[PDB]
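First comes one chain, alone, set out as structure tokens in the form deposited in one PDB entry.
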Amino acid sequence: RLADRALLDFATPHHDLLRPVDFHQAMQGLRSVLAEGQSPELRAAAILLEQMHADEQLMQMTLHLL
């Protein structure tokens, strides 16, 4: 459990979406592409982020706090 912080830091990317206008354009453009995918990996992800629309406020808050 001690190494969990260093693993999360490794998974954290080292900003282009700081402006809220750019964030909404990125999300709408992302949902349009995955909805056109036919592979089971793209279809499963298109279902998942459609259920994360209520989490968009938590997303933008995390970006600005880094």
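For every residue, the number given is its place in the sequence shown, counted from 1. The term rigid core refers to the maximal set of C-alpha atoms that superpose within 1.5 Å between the two forms.
Per the record, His14 and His15 are separated by 1 to 3 deposited residues that have no coordinates. Of the two segments, 5-13 and 19-27, the one listed with the higher mean B-factor is 19-27 (C-alpha atoms only).
Looking at the C-alpha B-factors along this chain, the one for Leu42 belongs to the lowest third.
Below, we refer to the form deposited in another entry, which is not included among the displayed structures.
Taking 2 Å as the criterion, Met61 counts as shifted between the shown form and the other one: its C-alpha moves by at least this amount when the rigid core is aligned. The rigid-core alignment places the CA of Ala44 less than 2 Å apart between the shown form and the other one. Relative to the shown form, the CA atoms of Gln38 and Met59 are pushed 3 Å or more farther apart in the other entry.
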